[PDB]
Each structure stands twice: as C-alpha cells, then as structure tokens.
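**Student:** In the entry's author numbering, the protein residues as written are 1 to 188. No residue lacks a Cβ here, since even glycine has one placed at the ideal position from N, Cα and C.
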Amino acid sequence: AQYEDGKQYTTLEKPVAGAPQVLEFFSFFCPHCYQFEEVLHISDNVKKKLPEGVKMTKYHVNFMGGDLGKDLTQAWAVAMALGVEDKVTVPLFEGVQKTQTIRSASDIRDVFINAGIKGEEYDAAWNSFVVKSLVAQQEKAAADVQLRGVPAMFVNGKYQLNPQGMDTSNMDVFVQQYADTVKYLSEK
Numbered sequence: 001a002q003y004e005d006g007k008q009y010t011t012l013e014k015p016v017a018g019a020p021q022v023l024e025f026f027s028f029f030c031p032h033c034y035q036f037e038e039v040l041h042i043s044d045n046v047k048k049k050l051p052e053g054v055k056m057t058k059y060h061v062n063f064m065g066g067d068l069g070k071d072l073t074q075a076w077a078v079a080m081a082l083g084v085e086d087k088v089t090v091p092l093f094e095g096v097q098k099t100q101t102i103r104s105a106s107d108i109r110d111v112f113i114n115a116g117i118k119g120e121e122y123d124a125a126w127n128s129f130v131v132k133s134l135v136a137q138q139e140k141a142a143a144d145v146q147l148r149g150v151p152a153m154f155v156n157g158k159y160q161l162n163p164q165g166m167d168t169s170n171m172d173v174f175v176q177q178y179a180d181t182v183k184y185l186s187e188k
C-alpha cells in the first residue's frame, strides 16, 4: 500500500487505552525537537490538516537534561495551565539551545516574566496542585508508551509516527508528508 505499518508508522504491540487522539512528545534540550518546532513547524502543520473534532496534545519529557530537564517539564505544565504555550515555546527553545541562557529554574521563570506572565501568577501556578497533576499527566503518558526518545508522535495510543522512513531533501515536502500521515492515521 501507500502507507505501510513498519514504514511511515509503527503499531504499538501494547495499545494504550484512553490516550489522547494526537500526542506529541518533546524536550527543550532535544536538537531535532528544536528543528521540528522552530524550523519545520511540525505541530502546526499537523493541526492545519487534522479532521474536525480531533484535538492535539503536546507534552514535555524528563529523560533529557537532568535536573533542568524536570524543571522544564514543570514549566511546560505551567505553560499549559496558563495557556501561554504559544508565548514561551520559542524563548524556551532558544534559551536552552541557541543563546544557552537557561541554566536554572530562575532563568526559566525569567522567560515567562519577559513574555508578560506576572511573577506572582507564575509562582502561584508553579507551586499549585493543578500543575502537579499536569506534571503527572505528562509523566504517565510517556510511561504508557515506554517513551525513550524524542521527538515522538502517537495517534490514538495505537500508532507511532516513523519519520525516518521519509525523504528530507526538501523540508516543505517532508512536513506535509508527516502531516498527511498523521491525518491518514487519524482516519484509521
């Protein structure tokens, strides 16, 4: 066929019940994730092609970057709670990988402040139980699929994208193939 299990995607031998429809994992320490988000805009091009009704979820992971890696998972929880993902995603990636000005939890907090989130509001969220349960959700989702590398995308807890089975000569064309594949998997 044109789409083949084991080619553009794989099937989880152990499917995950109740999983989000489209689930992307990343780390702000992850070089290909920087490419995916900042250069390719994968999340965004997938969204523009997703069927009516199907929602998109993106979670941060702990297994890169040690202690700062976990801080970033908690910060990403704060980002989701406040709904400011689209304001902090670029400065967090650039702060970790481009300027390398993010070295502490306080430096992460600076990104939010500069983005216009109030200090008191950031700190309140950071320490909140709603954020703790959001950290929990992120951890559980990665655990459910035995996640050991990023970037990663899963459709309906059943299928995992396999971009290594794709031509990267042209980055526009790769992105649309990736997106068209997610759409295909979402209609399965």
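1) Measuring CB to CB, does residue 115 end up less than 8 Å from residue 96?
2) Whose C-alpha, out of 78, 45 and 13, is nearest the C-alpha of residue 133?
3) Count the C-beta pairs between the stretch 35-55 and the stretch 12-22 that are closer than 8 Å, then say yes if the count reaches three, no if not.
4) Taking C-alpha atoms, which residue in 172, 152, 103 and 167 lies nearest to residue 10?
5) Pairing CB atoms from the stretch 165-181 with CB atoms from the stretch 28-46, are three or more of them under 8 Å?
6) Determine the extent of the beta strand (DSSP E) in which residue 10 is found, giving its start and end residues.
7) Using 8 Å for Cβ pairs, my map puts residue 158 next to residue 12. What's the rounded Cβ distance?
8) Compute the Euclidean distance between the alpha carbons of residue 69 and residue 28, then round it to the nearest angstrom.
**Tutor:** To lay it out plainly:
1) no
2) 78
3) yes
4) 152
5) yes
6) 9-11
7) 6 Å
8) 8 Å
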